[PDB]
Amino acid sequence: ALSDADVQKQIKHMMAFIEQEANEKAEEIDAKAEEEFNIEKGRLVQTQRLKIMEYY
Amino acid sequence: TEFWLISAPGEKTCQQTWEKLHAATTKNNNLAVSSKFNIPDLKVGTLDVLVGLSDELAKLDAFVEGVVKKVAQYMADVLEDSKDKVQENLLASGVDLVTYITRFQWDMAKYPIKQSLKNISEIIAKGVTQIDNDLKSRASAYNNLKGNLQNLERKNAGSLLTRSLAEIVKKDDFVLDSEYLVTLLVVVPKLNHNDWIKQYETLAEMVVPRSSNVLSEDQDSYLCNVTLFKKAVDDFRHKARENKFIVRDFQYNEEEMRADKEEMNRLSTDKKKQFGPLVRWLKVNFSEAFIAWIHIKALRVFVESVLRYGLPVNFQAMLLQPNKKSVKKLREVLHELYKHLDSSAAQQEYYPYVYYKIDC
Amino acid sequence: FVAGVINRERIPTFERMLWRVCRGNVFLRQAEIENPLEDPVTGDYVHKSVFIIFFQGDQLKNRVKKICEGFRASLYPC
Numbered sequence: 002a003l004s005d006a007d008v009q010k011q012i013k014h015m016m017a018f019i020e021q022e023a024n025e026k027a028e029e030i031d032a033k034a035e036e037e038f039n040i041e042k043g044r045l046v047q048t049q050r051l052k053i054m055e056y057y
Numbered sequence: 002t003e004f005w006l007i008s009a010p011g012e013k014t015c016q017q018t019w020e021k022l023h024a025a026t027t028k029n030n031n032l033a034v035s036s037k038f039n040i041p042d043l044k045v046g047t048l049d050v051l052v053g054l055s056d057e058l059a060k061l062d063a064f065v066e067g068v069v070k071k072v073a074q075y076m077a078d079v080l081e082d083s084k085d086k087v088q089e090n091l092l093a094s095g096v097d098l099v100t101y102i103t104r105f106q107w108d109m110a111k112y113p114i115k116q117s118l119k120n121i122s123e124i125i126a127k128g129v130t131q132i133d134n135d136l137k138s139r140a141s142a143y144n145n146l147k148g149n150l151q152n153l154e155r156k157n158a159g160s161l162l163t164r165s166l167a168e169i170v171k172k173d174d175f176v177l178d179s180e181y182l183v184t185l186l187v188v189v190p191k192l193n194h195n196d197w198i199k200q201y202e203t204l205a206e207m208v209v210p211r212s213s214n215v216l217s218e219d220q221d222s223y224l225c226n227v228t229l230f231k232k233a234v235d236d237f238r239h240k241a242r243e244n245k246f247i248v249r250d251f252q253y254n255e256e257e258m259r260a261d262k263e264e265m266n267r268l269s270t271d272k273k274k275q276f277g278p279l280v281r282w283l284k285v286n287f288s289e290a291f292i293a294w295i296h297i298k299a300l301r302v303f304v305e306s307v308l309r310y311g312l313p314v315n316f317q318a319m320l321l322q323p324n325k326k327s328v329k330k331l332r333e334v335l336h337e338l339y340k341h342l343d344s345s346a347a363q364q365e366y367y368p369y370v371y372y373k374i375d376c
Numbered sequence: 170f171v172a173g174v175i176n177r178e179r180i181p182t183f184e185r186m187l188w189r190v191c192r193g194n195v196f197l198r199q200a201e202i203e204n205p206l207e208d209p210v211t212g213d214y215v216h217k218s219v220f221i222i223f224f225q226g227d228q229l230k231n232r233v234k235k236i237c238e239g240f241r242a243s244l245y246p247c
C-alpha cells in the first residue's frame, strides 16, 4: 500500500518512536538513580552512625 | 443532534483554516459549522502503550456513553429539565449541550496536563465510575419510593366495590360498642339501590329495621351500612349475596385508616423532598458525565492521531456540526482532501483522518 | 516478520489489516518462492509469496500474532 517514499516515511516514524522510548527510559533511569542515591546513602550512614553511637 | 469530530495530520498551518475557514475547500463550502478543539499536550512513551490506551479508551468511551445516556434517561423519567420530545439533553458546564460542545474545553482541573495519559485515563475512569455508582444507587432508591407511592395510590383507587374505605367510612357509619349488634357495609348496585333499601330489612332474622343508610355512592353502586345482630351476619351476608349484593370485608378501624393517610402524605412529601435533591444530584452528575464523555473522545483523538501520524504530535483537530443531507458531500470532500495519506488504511468507520461521531 | 509460505491470498489485505492495527510502524519482509513447495494443508503445490511485518511493540506484536493466526499465512519462524 506504500511507495518507496512512504516506506521510508514509515521507517522514519518507527525510528522516532525508538528515540522517544529511549529518551523516556533514560530519564526514568536517572530519576530513579537519584532516589536510590538518597535512600542508600541514608541506609549506610545511619547504620554505621548507630554502630558508632552504641560503641560510644 | 450529531456532531462530527475529525483530525488532520496538520503538516501545514493551512489545515487550521482548511477545516473551518477555507470556503473554497471547507465543509459544504464553508456551510457546516466548525470550531477549534482544545486538546492538552500530553506525554507519550512507546507505541504499544498508545495501543493499550486506544483499546482502553474505546472501552471507557462506550462505558461512559452508556452511563451518561442512562442517567439522561433517568432524568427524563424524573421529567425535570429533560423530556423525550423537548429538552433532549441536560446542560453541561452550565450551558446547553450545543453550547458545551461548540465551546468545549479541556478540564485541566480534573486531568492535570503534567501527568501521563495512563493516569489521566485512570482518573477519568474512576470519576465516571463513582458517578455511575452514586446515581445508580440513588435512582434505584428513588424508583423504589415512586413504586411504593404508586402502590398506595392504586390501593386507594377504584370503585366502592374494591376501593379502600379509609376515606369513606366515618365512626358515625358503624354501630359501635354494642353487645349484640355489628354494623356491616354492603355494596348494592345503584340499579338495585331501592331494592337493597327495601330488601335489607328482611334479608336475615333479627335485623334492625329502618337502620339502613348510605355512606357513599359511585357510578355503579351505593355503599350502605346496616346494623344487625352478630349471629345473623352469616345469614345477612349470605342472603345479601343471594340477592346480588356484595358485602365488603370491613370494620371500623381508626388506626389503620390514619396510618394509611399519614403514610401516603409522608411518601408524597418524601417524593417532593427527594425530587428537590434528585434534580440537583442528577443534573450535576450529567454535567460531569458529559464533560468527561467529551474528554474521553478528545483522548481518543489524541491517541489515534499520534498512533497514525507519529510525533511531534501537531495535528489539526476540528469539530463540525453537520448540515442536513450533506453527509455524502462532506465525506467526498474529506476523502479527496486526505485520501493520499493512507490510500487504504481507512464504510463503517475508516476514513483517511481521525474521525468520531457525537450522538446527542 | 518472516519470509514464510503464503499463496498471496490475503496478503493484499494482510498489509491493510496491519495498517488498520497501527500505521505500518514497521516495514514488511517480502519474498517470492519460485516453484513453490506443495502446501501440507493444501496437499498440492501452489506458488508461495510472503509479506510479513515485525513489530517491536508488545501489544501490537500480539495483535499481529492474532492476525497471522486468523489469516492464511505461515508463521512460526524462530
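Chains as they are written, first to last, in UniProt numbering: chain A, 2 to 57; chain B, 2 to 347, 363 to 376; chain C, 170 to 247. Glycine included, each C-beta is placed from N, C-alpha and C at the ideal position.
| Item | Value |
| --- | --- |
| Residue 318 (chain B) in three-state terms, based on DSSP | strand |
| Beta strand (DSSP E) segment containing residue 201 (chain C), residue limits | 197 to 201 |
| First through last residue of the alpha helix (DSSP H) which encompasses residue 298 (chain B) | 255 to 310 |
| 9 Å Cβ cut-off: residues of chain C touching residue 40 (chain A) | Those within 9 Å of residue 40 (chain A) in chain C number zero; the least Cβ separation is about 30 Å. |
| Given residue 64 (chain B) as reference, the closest of B:321, B:298, B:101, B:248 once Cα atoms are compared | B:298 |
| Status (buried if at least 16 other CB within 10 Å, exposed otherwise) for residue 316 (chain B) | buried |
| Residue from C:219, C:225, C:217 with nearest C-alpha to residue 52 (chain B) | C:225 |
| Contacts of residue 49 (chain B) in chain C (Cβ-Cβ under 7 Å) | 226, 227, 228, 229 |
| Within-7 Å CB hit, residue 179 (chain C) to chain B | no |
| Chain A residues whose Cβ lies nearer than 7 Å to that of residue 312 (chain B) | 17, 21 |
| Within 7 Å, strictly: CB atoms of residue 240 (chain C) and residue 177 (chain C) | no |
| Where residue 12 (chain B) sits in the DSSP three-state scheme | coil |
| Inter-residue spacing [alpha-carbon to alpha-carbon] between residue 54 (chain A) and residue 45 (chain A) | 14 Å |
| Beta carbon of residue 36 (chain B) nearer than 7 Å to that of residue 130 (chain B) | no |
| Validate contact between the segment 270 to 286 of chain B and the segment 24 to 44 of chain A using beta carbons, cut 8 Å, 3 pairs | no |
| Spatial neighbours of residue 240 (chain B) in its chain, beta-carbon cut-off 8 Å, leaving aside the 5 residues before and after | 204, 205 |
| Segments of 4+ residues assigned as alpha helix (DSSP H) that fall wholly inside the segment 88 to 175 of chain B | 98 to 103, 118 to 156 |
| Where residue 56 (chain A) falls: helix, strand or coil (DSSP) | helix |
| Strand pairing of residue 6 (chain B), partner residues [DSSP] | B:320, B:372 |
| Within-7 Å CB hit, residue 9 (chain A) to chain C | no |
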